[PDB]
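One structure is given below, encoded as structure tokens.
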There are 2 protein chains.
Amino acid sequence: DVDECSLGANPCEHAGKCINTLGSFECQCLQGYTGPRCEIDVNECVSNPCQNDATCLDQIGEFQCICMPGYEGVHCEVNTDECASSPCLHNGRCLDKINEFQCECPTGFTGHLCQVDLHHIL
Amino acid sequence: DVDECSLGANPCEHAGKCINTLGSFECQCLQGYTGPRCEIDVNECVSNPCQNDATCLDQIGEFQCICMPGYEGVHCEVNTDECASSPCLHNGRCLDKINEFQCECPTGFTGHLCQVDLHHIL
Ligand SMILES: *[C@@H]1O[C@@H](C)[C@@H](O)[C@@H](O)[C@@H]1O
Ligand SMILES: *[C@@H]1O[C@@H](C)[C@@H](O)[C@@H](O)[C@@H]1O
Ligand SMILES: [Ca+2]
Ligand SMILES: [Ca+2]
Ligand SMILES: [Ca+2]
Ligand SMILES: [Ca+2]
Ligand SMILES: [Ca+2]
Ligand SMILES: [Ca+2]
Ligand SMILES: [Ca+2]
């Protein structure tokens, strides 16, 4: 037997661990590397994990998503609820949109956030 | 002398008060009426009191302004401060616009209202 893990070069790529066997050898790859000699940097983005027009970053052993505005979450799968902070004053009904919200104001109030009091006028 | 205030018709228009004089008469007009016999409904809008593309209503003895969105006040002269209610979360800097606002979020926060916490990701 030749110990392939004790020759001039490590036959395993991307710093995989070489393990000698009788008649051959094997590679123990670092996370994110595949192939008999760890030759392939796995594409973690190949199944399109990033949703809603997000950008997928293909990294070592992982992906990361960069979300479009209005979206959040590991997969950009959550439409952020802009109504969650109750931005509409005076019990205005908050309507959630994409990176935006609308307020439907009760009688006597107007403006984007229902700020403007009209009661004195009428 | 003829009492012009005791003839068939009141010579004063728009329910003005007729006052007899010796040789003539005079009219005491209701508010918002002008002319010797109160013939003219004053145009309270003639000097354009309603600002910022507002609609002026020419009324009896008064005007009223209907403001464009983002404006308030008797003359629609006030640009409503949408930042007044502190809509930006996490000490985001609020920039006032017309019937709208923008948030400039601090490091680690994003979204229209700085809602989205990125600290765990980075
Ligand atoms: C990656 O980032 C996201 C947010 C989008 O702007 C994409 O177009 C870009 O490639
Ligand atoms: C009167 O109302 C204001 C708010 C504007 O919409 C004008 O165009 C209208 O005549
Ligand atoms: Ca061997
Ligand atoms: Ca990868
Ligand atoms: Ca939303
Ligand atoms: Ca808004
Ligand atoms: Ca007279
Ligand atoms: Ca008038
Ligand atoms: Ca404003």
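Because only heavy atoms are used, hydrogens play no part in the values below, and waters and symmetry mates are left out as well, while side chains stay in. Below, chains carry the letters A, B, ... as their sequence lines are ordered, and counting in each starts from 1. Whatever order the structure lists them in is the order used to number ligands and atoms, beginning at 1.
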Inset, instruction - Could you please compute the angle at the Ca ion (ligand 9) from OD2 of B:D96 to O of B:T80, rounded to 10°? - result: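 O of B:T80 and OD2 of B:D96 make an angle of 100° at the Ca ion (ligand 9), to the nearest 10°.
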Inset, instruction - Would you confirm whether A:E39, through its side chain, and A:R37, through its main-chain N or O, come within 3.5 Å as a donor-acceptor pair? - result: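 Answer holds: yes.
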Legend entry - B:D81 (side chain) donor-acceptor with B:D96 (main chain) under 3.5 angstrom: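 Such a contact is absent between B:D81 side chain and B:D96 backbone.
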Inset, instruction - Please indicate how many protein N/O/S atoms are found closer than 3.0 Å to the Ca ion (ligand 7), with waters neither displayed nor included. - result: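 That number is 6, waters not included.
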Inset, instruction - Everything protein-side that's N, O or S and under 3.0 Å from the Ca ion (ligand 6): list it, residue and atom. - result: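 The answer, once waters are left aside, is A:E100 OE2, A:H112 NE2, B:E100 OE2, B:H112 NE2.
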Distance only, no hydrogens: is a donor on one side chain within 3.5 Å (strictly under) of an acceptor on the other, for [X] and [Y]?
X	Y	answer
A:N79	A:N52	no
B:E72	B:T80	yes
A:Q59	A:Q64	yes

Legend entry - Under-2.5 Å SG separation for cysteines A:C65, A:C76: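 The answer is no, since A:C76 and A:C65 keep their SG atoms 2.5 Å or more apart.
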Inset, instruction - Indicate if the distance from the Ca ion (ligand 9) to the nearest N, O or S atom of B:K97 falls below 3.0 Å. - result: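 An N, O or S atom of B:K97 is closer than 3.0 Å to the Ca ion (ligand 9), so yes.
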Inset, instruction - Any chance you could pull the hydrophobic cluster mates of A:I60, using side-chain heavy atoms under 4.5 angstrom and chaining through other members? - result: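 Cluster partners of A:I60: A:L30, A:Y33.
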Legend entry - For B:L7, the rest of its hydrophobic cluster, which grows through side-chain links under 4.5 angstrom: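 Answer for B:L7: B:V2.
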Legend entry - Shortest non-hydrogen contact between A:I98 and A:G70, atoms and distance: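 Taking every non-hydrogen atom into account, CG2-CA, 4.5 Å.
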Inset, instruction - Classify the angle between the aromatic ring planes of B:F101 and A:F101 as parallel (below 30°), tilted (30 to 60°) or perpendicular (above 60°). - result: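 Ring orientation, 0 to 90° scale: tilted.
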